[PDB]
Amino acid sequence: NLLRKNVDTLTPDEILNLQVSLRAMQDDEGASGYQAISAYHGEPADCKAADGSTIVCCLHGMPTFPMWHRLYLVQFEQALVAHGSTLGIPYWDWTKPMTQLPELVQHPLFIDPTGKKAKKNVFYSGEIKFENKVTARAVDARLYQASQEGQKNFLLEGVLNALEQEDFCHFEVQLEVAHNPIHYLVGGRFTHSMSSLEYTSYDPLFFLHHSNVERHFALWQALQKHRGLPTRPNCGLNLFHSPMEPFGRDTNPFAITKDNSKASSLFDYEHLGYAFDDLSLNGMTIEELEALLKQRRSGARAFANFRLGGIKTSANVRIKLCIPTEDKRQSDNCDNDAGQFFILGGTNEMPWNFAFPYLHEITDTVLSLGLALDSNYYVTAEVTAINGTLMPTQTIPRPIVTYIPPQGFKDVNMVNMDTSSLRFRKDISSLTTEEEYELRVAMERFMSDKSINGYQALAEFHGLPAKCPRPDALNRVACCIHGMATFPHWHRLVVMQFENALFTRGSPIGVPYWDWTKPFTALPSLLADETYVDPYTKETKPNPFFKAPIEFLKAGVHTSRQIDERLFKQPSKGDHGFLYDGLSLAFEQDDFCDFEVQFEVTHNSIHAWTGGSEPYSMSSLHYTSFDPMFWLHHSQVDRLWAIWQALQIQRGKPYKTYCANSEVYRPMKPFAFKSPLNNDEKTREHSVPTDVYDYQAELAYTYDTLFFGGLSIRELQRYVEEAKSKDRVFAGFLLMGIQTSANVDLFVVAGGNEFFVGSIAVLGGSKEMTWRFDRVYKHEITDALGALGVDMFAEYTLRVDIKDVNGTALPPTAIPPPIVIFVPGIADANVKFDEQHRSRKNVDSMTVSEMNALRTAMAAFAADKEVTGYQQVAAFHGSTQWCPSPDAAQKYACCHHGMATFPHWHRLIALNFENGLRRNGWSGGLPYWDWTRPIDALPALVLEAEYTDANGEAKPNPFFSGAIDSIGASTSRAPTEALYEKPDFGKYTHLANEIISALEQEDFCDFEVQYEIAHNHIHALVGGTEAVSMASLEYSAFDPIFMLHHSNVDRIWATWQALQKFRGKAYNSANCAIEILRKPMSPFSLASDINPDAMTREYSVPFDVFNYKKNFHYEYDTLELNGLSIXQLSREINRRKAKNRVXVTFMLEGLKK
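Counting in UniProt numbering, the sequence shown tops out at residue 1153, every number present.
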């Protein structure tokens, strides 16, 4: 152990030793010499990086800064000791308030106690041999403080704030930033001083300083040891596996550093042959320090968020805190300054950008001015070059305020239920042909023709007629928000504009969305078809969604989305789909901005993907909004946010943009404009996105489903926990906003060969608004590494190749090099309530994997012949003597009909089937199929006799008719009647009508008659000539289709209830036909022995089966009917009820036939 002590605590003998020894190495021309070694850091630039010209050898701004410099300390230290030097390089604690530079360097000509004479002095200055002469340091007044409170110790504040962060990445950015002030302040206006990274190493005070920053590093890693956090760098692993020059170079004097030139070996410093005396700043126990820090965390905080990079110079950035001006006059209170920091840099600097935002805490001064941390204010930056020259604000991306609420805090609630109408945005596939035609007409009229209130204006809002900040004057950019936390607010508003525009032109629907998350083979016919036929005129006219003119240019310019490439099925990636993967990762996060980066750049992919190389396509930020697809596209984008937001409310965590709070108060670019530039009241009202968060309250719309994948929001929650419990590794991109729009391809390179892990797109344009992300974009590289047979920490690099959408070559330098991130996962929740929840969807929307998973379970269900097993519950339709026993004689078939209690009993049946099916290997709820909607063929699940399993397979089926009774010992065959679709353009042929009629009446029984007799239709429709089918209820239940039927049947019974809730009448109870409503069911109530289900055992009485929500714990995909929402439904039945009509009545008695 070489010893590194405090500089002030040195003994005159220790000091004499240091002096004579550093003098000794000062007269060394050899590689152990001061010149040769100081030449490692700074000018002359001997290293070469990327494909660049000669560039400074030292490494700054990267995660490798601490390793490189701790190793530089080791090299200098051993080079010292090569001339004893009994001690290692001392640290001077500059978090300790200062009056002057350490006395060792205060004055040249140090006196020996044996004087004699003089001098030397080696600590005062080290000669910059080449390019003479030496350089003293012009100190700044800021270095010396603690005098009368303010200025508060900001050096200490820097290292203490860095010491607080629990990631290596964050710690690294805050540490390097906090280490820059000494360089700057000691260096000063002199070019050649510690102030520039060109020559900062030639000054002994540099080594005395980095001794201290190293002590900070060791202190941090030690504080990480206590108690359960990694001391490993989890950032930018690629730069770890290469020799950091000139330490790996063949002429390196000492073997200890050459054998340690790899940054990978420098995570711990025990093998380096040095040690500090104390490494605890300001007389603080590690327990005291961590107490102070973890209790500095608690409460509400506010930070100046800065996005830093190499500016080719050193600079002081002063932080001014601003209070916004209401009026035209620039009266913004920027008087009071909130903070300060420093940046080291130079010419021939290594190009660099922190992958994470630098945060400078301003909470205290924000508290000083008496304005809430939550409220609106902003932060501006005064950049003074080290030259003393005041610098343009453009030099550095503008500061932001980051707000940390008191955890945990629930943001304000949404407005209760629904009333009385909201615009419903559906899946494009969920649209009936009628709806397609009507929003086609709306779009047709809005687009054709042109006005200020017309399509082209709104298409112009987003990009390239460049009206931002104002259409005047000198320099104009696109208005849309990109590379910011406010992107989805902006585009949400935009989609609302589109919505109003289409509603006023006569469309019943909100703007539909298309799930690109669902794997799709081709574009939806809605936006794919060249033309379409008007049902009335039979005239073929343009599909308004295929193309759209670009008016403001005078030529034959139309939208050309012609090229869509790289997506459609393979390569990327895919667990399900590339988009699905990206968005999954997006939905994973708790914090807003973290989610937002993933959100946005995942969405960018579909832009570049569908746009292709076409200049007037979705590829270019300029013209992408002219393409109609946009509008539907971002409907979905909006919906995505919606889902995410819902997640948060289930997570119990805040859903508003607190990560970037100041930016929420900037008025949305083209929306806040007065009446000529924007004529939409609502959107202009929400030109401040603060009220934009509430889903349906302020903006008055909602979606049909919030389901992502096939997952419910809680099912999605379960998924993200499962994914979060695995050890993952990512490749992070700092997307900086290059002028054009581009595609980058990502490669993992092990030994001698590279692997394609994925591709991401950066959306932009020539006249784009300058944009830059605060955080880094993580792309899952884990499965790559898994398929590479290469471990997490094993040696591999990343390659990118960037090419513009137009197809020209882009230098790999255009975007900062991606970095590797390691994330270890863990969760205590669940424990959750996932066992007691179910979601019921269409079998027609199901995925093949879900299909197979469904089949298997049923095979297992049908295998068991008595008690548990499907045959028993289907035999609840099966007439064994359970009708009033033990004295039961001649009667009868036990199945609750009669008919008052039909809905109840069959609810219970479908529930028994469901639980019996989940018991045997399934995690989903019993699905259904919309027979209200017209049907060409049976659902894919039942139509074929044999199906192909994952590895191939003989017919089970088991969801085929072949399901046997074993009582009569034969298969329940299902035929088809020559049916069912004759619907003209309108309206609601067959079942739908009937069902709607049923929904009309207020009374339970009056509803139930129509309801059930409507339900009989299918029993008789899939029930063919063959009596073994569903046509007769002796054998009816045994065909698995039954389950689907009286799933959907039940759903109607649920929808009705919803209506009854909306209508202000009794829903989970009834006052008609009480006698049977009071009697427990025949098969469900018999015993614990007769049926498996415990809940159907407890809930036998019809009164209890009324409330399915709380009791049976299952919700449906939707309660829509033939595309109609419940509110819409009410409007429709009232509309029918308003007309004068005759009706015919039938008195029905039960006959066996």
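No residue lacks a Cβ here, since even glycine has one placed at the ideal position from N, Cα and C.
Buried or exposed, going by whether 16 or more other CB atoms sit within 10 Å of the CB of residue i?
i: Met-1147; result: exposed
i: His-60; result: buried
i: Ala-784; result: buried
i: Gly-611; result: buried
i: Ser-584; result: buried
i: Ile-452; result: exposed
i: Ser-147; result: exposed
i: residue 1166; result: What the structure shows of the chain is the stretch from 1 to 1153, and residue 1166 is not part of that stretch, so it cannot be assessed.
i: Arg-728; result: buried
i: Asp-590; result: exposed
i: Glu-1132; result: buried
i: residue 1156; result: What is shown of the chain runs 1 to 1153, which leaves residue 1156 out entirely.
i: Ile-111; result: exposed
Going straight from the alpha carbon of residue i to that of residue j, what length do you get?
i: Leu-917; j: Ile-1126; result: 30 Å
i: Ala-45; j: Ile-37; result: 13 Å
i: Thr-395; j: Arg-307; result: 11 Å
i: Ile-89; j: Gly-236; result: 29 Å
i: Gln-636; j: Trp-514; result: 6 Å
i: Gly-1024; j: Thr-976; result: 6 Å
i: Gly-921; j: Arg-855; result: 10 Å
i: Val-557; j: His-622; result: 14 Å
i: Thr-932; j: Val-533; result: 25 Å
i: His-192; j: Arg-301; result: 39 Å
i: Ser-1032; j: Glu-435; result: 38 Å
i: residue 1205; j: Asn-852; result: In the structure as shown, the chain begins at 1 and stops at 1153. Residue 1205 is therefore absent and cannot be evaluated.
Where do the ends of the alpha helix (DSSP H) carrying residue i lie?
i: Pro-66; result: 65–81
i: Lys-225; result: 204–225
i: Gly-158; result: 154–162
i: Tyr-1116; result: Per DSSP, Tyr-1116 belongs to no alpha helix (DSSP H); it is in the beta strand (DSSP E), 1114–1116.
i: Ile-37; result: 34–38
i: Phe-341; result: Looking at the DSSP string, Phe-341 is not in any alpha helix (DSSP H); the run it does join, the beta strand (DSSP E), is 337–343.
i: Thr-504; result: 487–504
i: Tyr-455; result: 455–462
I'd like to confirm the pairing. Which residues does DSSP put opposite residue i in its beta bridges?
i: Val-820; result: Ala-731
i: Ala-304; result: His-360 and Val-401
i: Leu-1124; result: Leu-1121
i: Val-744; result: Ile-760 and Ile-802
i: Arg-4; result: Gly-88 and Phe-276
i: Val-383; result: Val-317 and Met-391
i: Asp-427; result: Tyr-513
i: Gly-309; result: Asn-353
i: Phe-755; result: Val-748
Considering only C-alpha positions, which residue in the set the options is nearest to residue i?
i: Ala-82; options: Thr-64, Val-20 and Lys-129; result: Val-20
i: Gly-30; options: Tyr-72, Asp-534, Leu-80 and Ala-49; result: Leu-80
i: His-1019; options: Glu-1026, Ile-1013, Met-1030 and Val-1009; result: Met-1030
i: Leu-458; options: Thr-521, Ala-910, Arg-398 and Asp-627; result: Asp-627
i: residue 1154; options: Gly-510, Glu-551 and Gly-42; result: The shown model of the chain, from 1 to 1153, leaves out residue 1154, and the question about it has no answer.
i: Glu-1034; options: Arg-907, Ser-885, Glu-1026 and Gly-878; result: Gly-878
i: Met-194; options: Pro-243, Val-139, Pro-230 and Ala-222; result: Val-139
i: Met-496; options: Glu-698, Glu-436 and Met-447; result: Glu-698
i: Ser-961; options: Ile-996, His-906, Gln-1001 and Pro-1040; result: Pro-1040
Beta strand (DSSP E) containing residue i: first to last residue?
i: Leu-321; result: 315–322
i: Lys-778; result: 777–780
i: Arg-838; result: 838–840
i: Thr-531; result: 531–533
i: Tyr-437; result: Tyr-437 -> not in any beta strand (DSSP E); alpha helix (DSSP H) instead, spanning 433–447.
i: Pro-542; result: 540–542
i: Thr-610; result: First-last for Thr-610: 592–611, but that is the alpha helix (DSSP H), not the beta strand (DSSP E).
Report yes or no: is there a C-beta of chain D within less than 8 Å of the C-beta of residue i?
i: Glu-1012; result: As a matter of chain content, chain D is missing from the structure shown, which is built from one protein chain.
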